[PDB]
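**Student:** Please find one structure pasted underneath; my questions will follow.
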Amino acid sequence: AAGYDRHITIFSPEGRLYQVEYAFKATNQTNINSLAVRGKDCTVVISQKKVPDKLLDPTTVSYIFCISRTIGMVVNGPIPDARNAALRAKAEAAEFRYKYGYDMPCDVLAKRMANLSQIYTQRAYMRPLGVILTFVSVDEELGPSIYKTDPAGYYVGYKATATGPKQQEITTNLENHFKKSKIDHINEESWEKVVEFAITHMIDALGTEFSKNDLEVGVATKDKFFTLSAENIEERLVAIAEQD
Amino acid sequence: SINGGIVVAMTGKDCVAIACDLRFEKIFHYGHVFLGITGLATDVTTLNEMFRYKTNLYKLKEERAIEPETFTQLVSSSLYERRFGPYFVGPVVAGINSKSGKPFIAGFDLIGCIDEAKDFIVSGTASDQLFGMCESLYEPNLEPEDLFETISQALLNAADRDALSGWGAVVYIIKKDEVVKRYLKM
Amino acid sequence: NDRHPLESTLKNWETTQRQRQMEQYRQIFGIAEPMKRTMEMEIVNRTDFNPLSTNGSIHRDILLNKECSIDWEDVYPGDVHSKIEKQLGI
Amino acid sequence: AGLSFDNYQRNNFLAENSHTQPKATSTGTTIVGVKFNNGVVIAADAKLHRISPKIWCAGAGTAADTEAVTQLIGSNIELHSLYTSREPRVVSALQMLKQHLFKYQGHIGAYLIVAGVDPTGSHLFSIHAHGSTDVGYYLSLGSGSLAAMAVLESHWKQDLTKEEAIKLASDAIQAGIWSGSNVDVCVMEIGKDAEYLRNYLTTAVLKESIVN
Amino acid sequence: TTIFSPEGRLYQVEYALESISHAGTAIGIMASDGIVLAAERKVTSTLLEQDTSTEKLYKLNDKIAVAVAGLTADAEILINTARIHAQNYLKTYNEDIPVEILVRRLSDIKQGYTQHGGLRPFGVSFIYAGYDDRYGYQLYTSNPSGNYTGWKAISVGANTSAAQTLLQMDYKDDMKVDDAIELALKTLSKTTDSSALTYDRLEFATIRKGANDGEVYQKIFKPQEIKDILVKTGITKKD
Amino acid sequence: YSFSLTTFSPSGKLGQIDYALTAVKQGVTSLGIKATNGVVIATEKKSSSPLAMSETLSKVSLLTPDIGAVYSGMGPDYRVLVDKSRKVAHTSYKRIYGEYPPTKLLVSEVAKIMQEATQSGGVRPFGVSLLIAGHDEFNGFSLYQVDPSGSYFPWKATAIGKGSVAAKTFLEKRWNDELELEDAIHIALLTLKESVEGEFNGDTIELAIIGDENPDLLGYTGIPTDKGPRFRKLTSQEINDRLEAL
Amino acid sequence: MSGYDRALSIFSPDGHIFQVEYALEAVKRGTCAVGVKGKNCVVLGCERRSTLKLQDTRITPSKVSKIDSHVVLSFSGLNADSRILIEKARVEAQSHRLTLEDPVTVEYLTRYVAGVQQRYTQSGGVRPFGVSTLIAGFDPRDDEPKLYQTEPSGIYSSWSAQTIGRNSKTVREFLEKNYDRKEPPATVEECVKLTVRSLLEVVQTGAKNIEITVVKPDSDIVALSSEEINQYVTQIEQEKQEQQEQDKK
């Protein structure tokens, strides 16, 4: 057990903070896979919905959060740690918009949230959250955008980031599409084709078809991030089923 | 002890000058940078203590002496700190860039607005008698001996010609590698 | 009084702006948010004592959202046993 | 910390008891603004200040306070540009300047006309010392502001080019003329560097001792 | 964790004293008309910038200098505190700080970091040097414990014992600063782990009076001046 | 109250800092070289995925218009030090002296921040070594390394991270006291070509210089007094053009 | 609380083997410090360890430290700690007069010193001071000599003679034979002679190692020099030769 090295955020002889490595195993406690992609004028987030008990209300299960008018995120990890980080991200965007007189960029919120994770990653009495945060917006400076943030406080931009315990298959299929298409976004002029494209990739990667209630969707255009209802998802599933 | 008094500052070809009233000089130095302060004598001495401290620490921390323009920014930012209750003073910095050789003179209000006249500077109450004399006697690009002559006659002429037994003036003439302090009496 | 109008306001500005912020977060997000934020600040303030350094702390500027902002209070700032017997109680 | 009141009461007895407190230098002279075609001109008759390369100001009231706030906010704008990796917006500087002028309740006597170009376009605003704000295609402050505003209104039209904006700027300044007294101008144009244009218009007894 | 060993002895102070016992050697010698400081610097790096202005030797004010054995990161915190205290004394009294008041000032801060369990002690030993009118030329030493002592000649850091024996047999109470130059260079060449002494391995300084009655002058030697006292002394690594 | 971290081990060693130098020793290599008329600092960008856009992960950072920095170690520790280092330059020195601090005064202040993290309860020391490089009117060009200890050193050239001992041996073998800035750039590009984990091109490599003043980058004309940024971050096309001269 | 008293074998409570016991061990390892009262003086004396050949004597601190014009303190145990303990007492006394129009009383200089030492015992992972002290002097407007000892635990006591540090058993044994509480040394010279005899039995070599301060009423504080204590040592050694040769056999 090596004493304090494994139980507080302090360096092992090797130089490993066991508090951070273990918090990356917490993010896979949901058994949920999520996928995000950039279109031409939008960015889209598709997330696996698990509702095993008949007794749940599926309208209260959601890993997608509206962070402000223009920005939104999916969370991979426990819902208590996803609601805590969503509430911070909502407050950080609100105070930036007041201080600097313009809407908080996705890049700036991912950096601000990643700087907070570096505290818990150095202070021995602070533990890193058990969540990965996947911010998306249509920034006026960088158009459609995706930024991912993790328990170690490392954040970077992305064009098709994804988090889940089967994320490697989705990512390996995304890399092969971006390798053949050679554009860094999917070239659809309307978000309906982007979401349908994002439900064609998660079907093909996870080896299962999806009902309208077994799927989630997000639609980030300029001036609005919003969540789809099950009938808007079924319009896309119907159009996938009309094509094939 | 006498409150007020005048300081005058002036540029020549590779040289500077700082005249002042005696009868405790208004004019201090911190290496090659000279500071003539007029006004309340307590603030003149408190600023001497404060700039001696800051500039000794600068020399220690930075391995070189504080240059005339850097000292201008330091005196103005230090004076500005005292914004709601300022130093009752008119500081006049002077000095010759040790890496350039250019003459520098600047002066400030009590909260640190920088004048940077390329010819001459005045400070103290009843400045505008000397401002006329100094504008009358000055010419550009003097040698050090003529530069001493113009600043010393400015001090003498604008002097109270009724009390010239109570007179005494210090003129620092400052050059690249040499400083001469002439005391001057009648 | 003879004392400058602005003096008592600027003396307490840092405290007042955070105390006012915590009451907005209580109102908009509920008691859990200022309870979280005050305990983070307690861990950072209480586990960070060094008698020769008074120049704030790096994580407190991250927590307070002061990591890229200068006040006049940051450019114009203002015994080890006396510090020790204040930190521990006399 | 910050601006102190140490000798506030000490100087409340000096002025009462007959020391003339030194005069704070004031720039009371005309300052103007021009939201001209694809940019924005500002001018004053030492007096034009930078918050960043693309955002500039003209100041009136206390000279030290117009420099001091524009340099403090210029520091925060530079740090925020480094923090966000984006060019600093005029609305961000306006928010900082106006929010800083409010903390100080108009005891910092800077009256300021703020202009610049940023990734959104070209903007023009003015802040009074109590921290309250104007916007317009053309603004003027200082004693000549009545006469300057009469000239600004009498000749402004949409698609004013650089040269015509610079003429109107200079005529609204020269309509303030009959410290200061010739034009400095800066021109911010949306694709281009801020163009700054300076002045657009035996006797006595001697003893001596050597010193270091 | 600042608790006593059952003998009434402080483990952390002993471990800080083990740390400085590796930390490079420094000698100071008090002549009848000036003080000499010298320090030996383990330059195992070719790309480290020799002709950097300081590492072992530092000014505290216009008449006080130090040599450092120990962690340079720890030393620089104390050195700044001493510089602030020297100028705060000069500001208060209009007079230059007496050497005893400043040496013991840094000995009171270093004792505090040994009593409170949240603080590790400072891994530094200082050989202070200076002049004042109250005493004259003074040479002091201070160590991680907060102990300080007055000396006529002393070594700190590595090889202290060999150096103290070499000082003791050649030191004279009536010697001049140039005899102390010679002695400190001889002592270091008779104590060094490196094969021979040379100007980049050596940090040097002096506290002389000069020709002019009001002067005391602290030449912290640049490398070329050290090469001259090396070739004059007979250490003379010369073409 | 039995409270501190980084206490002394019986052999006279600080222990926790030693473990903090093992985290530094695991990072993607960075390096720096000083020349007669300029300086170079360089590193590789390691992608967590090829879907990541490493135009967002800058590793080479502007501290003041004449000072640059780069790291090896934990990048999160380096984003937080760089923003304190920027705040320090403005608040301690620019706002008192109307000019930016030298590269010895800013390195001392960064090192003072890392020393305070060793001598504390509650906090681990930093997992980064920083190379800070710059120019000043009286010191001239300079390069320094800062470690988790708060120890700082002036260097002619250095390297830190995985490939650092082979890099430091190449830097000793190639450095001479008459290098110019185009020469030092070539030596730095050669050194990263050996240390590279991934692909070598202008997109994977970070490279910055402090060189001559660039009056183009000041973004406003009319003030010759203001010379314009010495610090310039090489564009990905320049890096690919120099990588064609390799 | 120690040794062979053990019920059903034994086990430890919170109790005796503790930080303060190890501070008492540090005090015993520090040089010998002694004090004796007289009819109208008090003399404090100390052991210097014999100074090294390269040590500087003119600036070496006097071991007996003046806290105020009428109060003197000496110590055994840790020097660094005693320096921090004398600073607190000195400012405490100067502050006493500034706020009470009264110089500090010797008993208030002993309750304060032991009092601050007790707070570093009580709690906090701040260690107690490895120091024990003699505090001696006179109150103002009085001619009674006072002499107190303080210990690392913050216990203090009044003595007409006492010794602390190295070898102090043998010194306290000599004092119990040579100090009569009915008829104490009636003159300063005899008081100093008694302290030089007391120290001569325990010091390393001789007159080098002894140093004494004499306190008298009305702030007459007086360190004795090496040359003055050399004439005491020599007179005592003369009387040893005289006593030996006055053998009758």
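Note on naming: chains are A, B, ... as they come in the structure tokens, residues start from 1 per chain, ligands start from 1 in the order shown.
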Name the residues in contact with residue 147 in chain F at a cut-off of 12 Å, using only C-alpha atoms, excluding same-chain residues fewer than 6 positions from it; report them as an MDAnalysis selection string.
**Tutor:** (chainID E and resid 73) or (chainID F and resid 17:18 20:25 71:73 78 107:108 110:115 117:118 125:132 153 160:161)
**Student:** Quick one: write out the picked residues with C-alpha atoms as a compact mmCIF listing (two decimals), in the first residue's frame?
**Tutor:**
```txt
# COMPACT_ATOMS: atom_id res chain seq x y z
CA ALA E 73 17.72 28.35 -3.54
CA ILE F 17 11.89 16.92 -4.92
CA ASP F 18 13.98 13.90 -6.08
CA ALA F 20 9.64 15.50 -8.76
CA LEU F 21 12.85 15.32 -10.93
CA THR F 22 11.74 11.80 -12.06
CA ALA F 23 8.47 13.33 -13.38
CA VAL F 24 10.53 15.98 -15.28
CA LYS F 25 12.83 13.25 -16.68
CA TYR F 71 9.00 23.07 -20.24
CA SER F 72 9.57 19.40 -19.75
CA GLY F 73 7.44 17.51 -17.24
CA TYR F 78 3.45 24.65 -16.74
CA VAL F 107 13.82 33.62 -13.53
CA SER F 108 14.44 34.51 -9.83
CA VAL F 110 9.65 31.91 -11.13
CA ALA F 111 12.20 30.03 -8.98
CA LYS F 112 10.84 31.74 -5.80
CA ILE F 113 7.36 30.35 -6.73
CA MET F 114 8.78 26.78 -7.12
CA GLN F 115 10.84 27.02 -3.85
CA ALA F 117 6.05 24.69 -3.13
CA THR F 118 8.95 22.59 -1.73
CA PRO F 125 6.66 20.41 -5.54
CA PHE F 126 6.18 21.13 -9.31
CA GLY F 127 6.60 18.27 -11.87
CA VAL F 128 8.26 20.65 -14.39
CA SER F 129 11.67 21.98 -15.32
CA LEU F 130 11.44 25.33 -17.17
CA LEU F 131 13.86 26.79 -19.72
CA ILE F 132 13.54 30.61 -19.75
CA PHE F 153 21.13 28.20 -13.47
CA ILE F 160 15.51 18.46 -20.22
CA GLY F 161 13.18 15.37 -20.51
```
**Student:** Which polymer residues have any atom within 9 Å of an atom of residue 207 in chain G, counting only C-alpha atoms, with same-chain residues fewer than 4 positions away left out, as an NGL selection string?
**Tutor:** :G and (196 or 200 or 203 or 211 or 226-227 or 229-230 or 232-234)
**Student:** Could you list, as JSON, numbers by chain, every residue within 8 Å of range 211-218 of chain A, counting only C-alpha atoms and ignoring same-chain residues fewer than 3 positions away?
**Tutor:** {"A": [44, 45, 46, 47, 48, 49, 50, 58, 64, 195, 225, 226, 227, 228, 230, 231, 233, 234, 237]}
**Student:** For residue 76 in chain C, which residue out of D:146, D:101, D:90, D:3 is the nearest one, using only C-alpha atoms?
**Tutor:**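 Of all the options, D:3 lies closest to residue 76 in chain C.
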**Student:** With a cut-off of 9 Å, could you pull out the residues of chain F touching chain D and give me the nearest pair of atoms for each, distance in Å to one decimal, using only C-alpha atoms, ordered by chain and ascending number, as JSON lines?
**Tutor:**
```
{"residue": "F:62", "atom": "CA", "partner": "D:82", "partner_atom": "CA", "distance": 8.0}
{"residue": "F:63", "atom": "CA", "partner": "D:82", "partner_atom": "CA", "distance": 8.9}
{"residue": "F:83", "atom": "CA", "partner": "D:83", "partner_atom": "CA", "distance": 7.3}
{"residue": "F:86", "atom": "CA", "partner": "D:79", "partner_atom": "CA", "distance": 7.0}
{"residue": "F:87", "atom": "CA", "partner": "D:79", "partner_atom": "CA", "distance": 7.1}
{"residue": "F:90", "atom": "CA", "partner": "D:75", "partner_atom": "CA", "distance": 6.6}
{"residue": "F:91", "atom": "CA", "partner": "D:75", "partner_atom": "CA", "distance": 8.6}
{"residue": "F:94", "atom": "CA", "partner": "D:75", "partner_atom": "CA", "distance": 8.8}
{"residue": "F:95", "atom": "CA", "partner": "D:72", "partner_atom": "CA", "distance": 7.6}
{"residue": "F:216", "atom": "CA", "partner": "D:193", "partner_atom": "CA", "distance": 8.7}
{"residue": "F:218", "atom": "CA", "partner": "D:53", "partner_atom": "CA", "distance": 6.7}
{"residue": "F:219", "atom": "CA", "partner": "D:193", "partner_atom": "CA", "distance": 4.8}
{"residue": "F:220", "atom": "CA", "partner": "D:194", "partner_atom": "CA", "distance": 4.4}
{"residue": "F:221", "atom": "CA", "partner": "D:195", "partner_atom": "CA", "distance": 5.4}
{"residue": "F:222", "atom": "CA", "partner": "D:196", "partner_atom": "CA", "distance": 4.8}
{"residue": "F:223", "atom": "CA", "partner": "D:196", "partner_atom": "CA", "distance": 7.8}
```
**Student:** Run DSSP on the backbone and tell me which residues of range 15-237 of chain G come out as helix (DSSP H, G or I); list them as a ChimeraX atom specification.
**Tutor:** /G:19-29,79-100,106-122,168-178,188-200,226-237
**Student:** At a cut-off of 8 Å, list the chain G residues touching chain F, using only C-alpha atoms, as a PyMOL selection string.
**Tutor:** chain G and resi 124-126
**Student:** For residue 107 in chain G, list every protein, DNA or RNA residue within 9 Å, evaluated using only C-alpha atoms, and leave out those in the same chain fewer than 3 positions away; present the list as number ranges by chain.
**Tutor:** G: 104, 110-112, 135, 139, 146, 148
**Student:** With a distance threshold of 10 Å and counting only C-alpha atoms, extract the residues of chain F near chain B and express them as a ChimeraX atom specification.
**Tutor:** /F:93-99,101-102,104-105,137-139
**Student:** Please produce, as a Markdown table, a per-residue contact table for chain B versus chain E (criterion: any atom at most 10 Å away, only C-alpha atoms considered), showing the nearest atom pair and its distance in Å to one decimal, sorted by chain then residue number.
**Tutor:**
```
| residue | atom | partner | partner_atom | distance |
| --- | --- | --- | --- | --- |
| B:46 | CA | E:91 | CA | 9.3 |
| B:48 | CA | E:91 | CA | 9.5 |
| B:49 | CA | E:91 | CA | 5.8 |
| B:50 | CA | E:91 | CA | 7.7 |
| B:52 | CA | E:91 | CA | 8.2 |
| B:53 | CA | E:87 | CA | 5.8 |
| B:54 | CA | E:87 | CA | 8.8 |
| B:56 | CA | E:87 | CA | 7.7 |
| B:57 | CA | E:83 | CA | 7.4 |
| B:59 | CA | E:61 | CA | 9.8 |
| B:60 | CA | E:59 | CA | 7.1 |
| B:61 | CA | E:80 | CA | 8.8 |
| B:63 | CA | E:53 | CA | 7.8 |
```
**Student:** Using only C-alpha atoms, find each residue in chain G having at least one atom no more than 6 Å away from chain E; report its shortest atom-to-atom pair and that distance in Å (one decimal), rows by chain then rising number, as a tab-separated table.
**Tutor:**
```
residue	atom	partner	partner_atom	distance
G:22	CA	E:8	CA	4.4
G:23	CA	E:8	CA	5.2
G:25	CA	E:8	CA	4.7
G:26	CA	E:8	CA	4.0
G:54	CA	E:152	CA	5.3
G:55	CA	E:151	CA	4.2
G:56	CA	E:151	CA	4.4
G:80	CA	E:147	CA	5.4
G:125	CA	E:117	CA	5.4
G:126	CA	E:116	CA	4.5
G:127	CA	E:115	CA	5.6
```
**Student:** I'd like the contact shell of residue 51 in chain D - 7 Å cut-off, only C-alpha atoms, skipping same-chain residues fewer than 2 positions apart - returned as a list in words.
**Tutor:**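 What passes the distance filter is residues 49, 55, 56, 70, 71, 73, 74 and 77 of chain D.
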**Student:** May I have the selected residues written with N, CA, C and O atoms, as a CSV table (one decimal), in the first residue's frame?
**Tutor:**
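In the end it all went to result_36.csv:
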```csv
chain,number,residue,atom,x,y,z
D,49,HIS,N,-2.8,57.4,-26.1
D,49,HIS,CA,-2.4,56.3,-25.2
D,49,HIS,C,-2.8,55.0,-25.8
D,49,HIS,O,-3.8,54.9,-26.4
D,55,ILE,N,-6.0,49.2,-30.0
D,55,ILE,CA,-6.9,50.0,-29.2
D,55,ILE,C,-6.1,51.1,-28.5
D,55,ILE,O,-5.2,50.9,-27.7
D,56,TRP,N,-6.6,52.3,-28.8
D,56,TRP,CA,-6.0,53.6,-28.4
D,56,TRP,C,-7.0,54.5,-27.7
D,56,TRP,O,-8.2,54.4,-27.9
D,70,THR,N,-5.0,54.0,-18.2
D,70,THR,CA,-4.7,53.3,-19.5
D,70,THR,C,-3.6,52.4,-19.5
D,70,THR,O,-3.7,51.3,-20.0
D,71,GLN,N,-2.5,52.6,-18.7
D,71,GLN,CA,-1.5,51.7,-18.5
D,71,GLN,C,-1.8,50.5,-17.6
D,71,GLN,O,-1.4,49.4,-17.8
D,73,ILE,N,-5.0,49.2,-17.3
D,73,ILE,CA,-5.9,48.4,-18.1
D,73,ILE,C,-5.1,47.8,-19.3
D,73,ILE,O,-5.4,46.7,-19.6
D,74,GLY,N,-4.2,48.5,-19.8
D,74,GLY,CA,-3.3,47.9,-20.9
D,74,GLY,C,-2.5,46.7,-20.4
D,74,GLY,O,-2.4,45.7,-21.1
D,77,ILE,N,-5.4,43.9,-20.2
D,77,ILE,CA,-5.7,43.6,-21.6
D,77,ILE,C,-4.6,42.7,-22.2
D,77,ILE,O,-4.9,41.7,-22.9
```
**Student:** Enter the distance from CA of residue 58 in chain F to CA of residue 184 in chain F, in Å, rounded to one decimal.
**Tutor:**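 Computing the Euclidean distance for CA of residue 58 in chain F and CA of residue 184 in chain F yields 21.2 Å.
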**Student:** Taking only C-alpha atoms into account, which of A:140, A:107, A:14, A:92 comes nearest residue 67 in chain A?
**Tutor:**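 Checking each candidate against residue 67 in chain A, we get A:92 as the closest.
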**Student:** Of the candidates B:79, B:39, B:47, B:6, which shows the shortest atom-to-atom distance to chain C, using only C-alpha atoms?
**Tutor:**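 Comparing B:79, B:39, B:47, B:6 against chain C, the winner is B:79.
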**Student:** Please identify all residues of chain A having at least one atom at most 8 Å from any atom of chain F, considering only C-alpha atoms, and return them as a PDB file with N, CA and C atoms, in the first residue's frame.
**Tutor:**
```pdb
ATOM      1  N   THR A   9      -2.499  13.047  -3.186  1.00  0.00           N
ATOM      2  CA  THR A   9      -1.893  13.511  -4.442  1.00  0.00           C
ATOM      3  C   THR A   9      -0.462  13.993  -4.208  1.00  0.00           C
ATOM      4  N   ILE A  10       0.478  13.060  -4.138  1.00  0.00           N
ATOM      5  CA  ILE A  10       1.892  13.288  -3.828  1.00  0.00           C
ATOM      6  C   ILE A  10       2.732  12.314  -4.657  1.00  0.00           C
ATOM      7  N   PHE A  11       3.980  12.611  -4.993  1.00  0.00           N
ATOM      8  CA  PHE A  11       4.697  11.790  -5.977  1.00  0.00           C
ATOM      9  C   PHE A  11       5.217  10.475  -5.407  1.00  0.00           C
ATOM     10  N   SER A  12       4.948   9.364  -6.076  1.00  0.00           N
ATOM     11  CA  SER A  12       5.640   8.104  -5.800  1.00  0.00           C
ATOM     12  C   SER A  12       7.114   8.190  -6.158  1.00  0.00           C
ATOM     13  N   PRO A  13       7.986   7.295  -5.644  1.00  0.00           N
ATOM     14  CA  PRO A  13       9.370   7.277  -6.089  1.00  0.00           C
ATOM     15  C   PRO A  13       9.399   7.366  -7.608  1.00  0.00           C
ATOM     16  N   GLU A  14       8.447   6.709  -8.284  1.00  0.00           N
ATOM     17  CA  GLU A  14       8.350   6.738  -9.768  1.00  0.00           C
ATOM     18  C   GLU A  14       7.940   8.141 -10.236  1.00  0.00           C
ATOM     19  N   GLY A  15       7.030   8.799  -9.515  1.00  0.00           N
ATOM     20  CA  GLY A  15       6.532  10.143  -9.878  1.00  0.00           C
ATOM     21  C   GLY A  15       5.089  10.052 -10.323  1.00  0.00           C
ATOM     22  N   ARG A  16       4.324   9.111  -9.759  1.00  0.00           N
ATOM     23  CA  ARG A  16       2.912   8.880 -10.152  1.00  0.00           C
ATOM     24  C   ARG A  16       1.962   9.370  -9.054  1.00  0.00           C
ATOM     25  N   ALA A 114      -9.603  23.307 -16.770  1.00  0.00           N
ATOM     26  CA  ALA A 114      -8.368  22.554 -16.640  1.00  0.00           C
ATOM     27  C   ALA A 114      -7.393  23.121 -15.585  1.00  0.00           C
ATOM     28  N   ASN A 115      -7.409  24.448 -15.398  1.00  0.00           N
ATOM     29  CA  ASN A 115      -6.577  25.111 -14.354  1.00  0.00           C
ATOM     30  C   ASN A 115      -7.118  24.725 -12.975  1.00  0.00           C
ATOM     31  N   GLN A 118      -5.884  21.284 -12.068  1.00  0.00           N
ATOM     32  CA  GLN A 118      -4.497  21.271 -11.632  1.00  0.00           C
ATOM     33  C   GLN A 118      -4.349  21.530 -10.123  1.00  0.00           C
ATOM     34  N   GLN A 122      -2.460  18.867  -7.286  1.00  0.00           N
ATOM     35  CA  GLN A 122      -1.229  19.259  -6.531  1.00  0.00           C
ATOM     36  C   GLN A 122      -1.493  19.348  -5.012  1.00  0.00           C
ATOM     37  N   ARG A 123      -2.610  19.945  -4.592  1.00  0.00           N
ATOM     38  CA  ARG A 123      -2.974  20.046  -3.171  1.00  0.00           C
ATOM     39  C   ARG A 123      -3.329  18.666  -2.617  1.00  0.00           C
ATOM     40  N   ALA A 124      -2.657  18.230  -1.546  1.00  0.00           N
ATOM     41  CA  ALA A 124      -2.841  16.870  -0.975  1.00  0.00           C
ATOM     42  C   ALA A 124      -4.250  16.669  -0.411  1.00  0.00           C
ATOM     43  N   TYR A 125      -4.935  17.738   0.011  1.00  0.00           N
ATOM     44  CA  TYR A 125      -6.274  17.616   0.656  1.00  0.00           C
ATOM     45  C   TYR A 125      -7.376  17.783  -0.386  1.00  0.00           C
ATOM     46  N   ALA A 152      -6.577  15.092 -14.681  1.00  0.00           N
ATOM     47  CA  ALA A 152      -5.204  15.574 -14.539  1.00  0.00           C
ATOM     48  C   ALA A 152      -5.041  17.067 -14.863  1.00  0.00           C
ATOM     49  N   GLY A 153      -6.072  17.719 -15.397  1.00  0.00           N
ATOM     50  CA  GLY A 153      -6.027  19.125 -15.786  1.00  0.00           C
ATOM     51  C   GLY A 153      -5.336  19.363 -17.113  1.00  0.00           C
ATOM     52  N   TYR A 154      -5.331  18.350 -17.987  1.00  0.00           N
ATOM     53  CA  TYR A 154      -4.761  18.486 -19.354  1.00  0.00           C
ATOM     54  C   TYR A 154      -5.922  18.668 -20.322  1.00  0.00           C
ATOM     55  N   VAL A 156      -7.049  20.008 -24.518  1.00  0.00           N
ATOM     56  CA  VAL A 156      -6.540  20.271 -25.897  1.00  0.00           C
ATOM     57  C   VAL A 156      -7.746  20.376 -26.839  1.00  0.00           C
ATOM     58  N   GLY A 157      -7.593  21.049 -27.980  1.00  0.00           N
ATOM     59  CA  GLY A 157      -8.669  21.140 -28.986  1.00  0.00           C
ATOM     60  C   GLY A 157      -8.865  19.804 -29.665  1.00  0.00           C
ATOM     61  N   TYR A 158      -9.958  19.643 -30.412  1.00  0.00           N
ATOM     62  CA  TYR A 158     -10.249  18.381 -31.142  1.00  0.00           C
ATOM     63  C   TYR A 158     -11.211  18.662 -32.279  1.00  0.00           C
ATOM     64  N   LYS A 159     -11.318  17.733 -33.231  1.00  0.00           N
ATOM     65  CA  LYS A 159     -12.287  17.861 -34.351  1.00  0.00           C
ATOM     66  C   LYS A 159     -13.292  16.701 -34.271  1.00  0.00           C
ATOM     67  N   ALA A 160     -12.997  15.650 -33.496  1.00  0.00           N
ATOM     68  CA  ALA A 160     -13.934  14.515 -33.305  1.00  0.00           C
ATOM     69  C   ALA A 160     -13.597  13.723 -32.034  1.00  0.00           C
ATOM     70  N   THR A 161     -13.494  14.375 -30.873  1.00  0.00           N
ATOM     71  CA  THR A 161     -13.116  13.715 -29.597  1.00  0.00           C
ATOM     72  C   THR A 161     -14.255  12.843 -29.103  1.00  0.00           C
ATOM     73  N   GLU A 175     -10.723   8.214 -37.097  1.00  0.00           N
ATOM     74  CA  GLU A 175      -9.408   8.410 -37.706  1.00  0.00           C
ATOM     75  C   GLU A 175      -9.365   7.882 -39.145  1.00  0.00           C
TER      76      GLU A 175
END
```
**Student:** Can you check which residues of chain A have any atom within 6 Å of chain D? Use only C-alpha atoms and format it as JSON, numbers by chain.
**Tutor:** {"A": [100, 101, 108]}
**Student:** Dump as a PyMOL selection string the residues of chain D that approach chain B to within 7 Å, counting only C-alpha atoms.
**Tutor:** chain D and resi 2-8+11+21-25+63-64+204-212
**Student:** Any chance you can output those residues with C-alpha atoms as a short mmCIF file (atom, residue, chain, number, x, y, z; two decimals), in the first residue's frame?
**Tutor:**
```cif
data_model
loop_
_atom_site.label_atom_id
_atom_site.label_comp_id
_atom_site.auth_asym_id
_atom_site.auth_seq_id
_atom_site.Cartn_x
_atom_site.Cartn_y
_atom_site.Cartn_z
CA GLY D 2 -2.73 50.34 -4.07
CA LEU D 3 -3.11 54.17 -4.07
CA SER D 4 -2.64 55.14 -0.36
CA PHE D 5 -4.05 58.07 1.73
CA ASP D 6 -0.95 58.29 4.02
CA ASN D 7 -0.51 62.13 3.86
CA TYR D 8 -4.24 62.79 3.13
CA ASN D 11 -1.89 67.62 3.50
CA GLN D 21 -0.31 72.25 -2.68
CA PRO D 22 1.42 71.66 -6.09
CA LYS D 23 -0.88 71.85 -9.15
CA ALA D 24 -1.80 68.49 -10.70
CA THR D 25 -1.28 68.87 -14.50
CA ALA D 63 -2.76 63.85 -16.98
CA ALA D 64 -1.26 61.32 -14.55
CA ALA D 204 31.19 85.08 -8.06
CA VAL D 205 33.37 83.06 -5.61
CA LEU D 206 33.81 79.40 -6.71
CA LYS D 207 34.74 76.27 -4.79
CA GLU D 208 34.49 72.83 -6.37
CA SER D 209 34.61 69.13 -5.53
CA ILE D 210 34.66 65.99 -7.74
CA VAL D 211 31.93 63.31 -7.15
CA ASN D 212 31.30 59.73 -8.36
#
```
**Student:** Using CA of residue 127 in chain A and CA of residue 18 in chain A as the two end points, give the distance in Å to one decimal.
**Tutor:** 10.4 Å
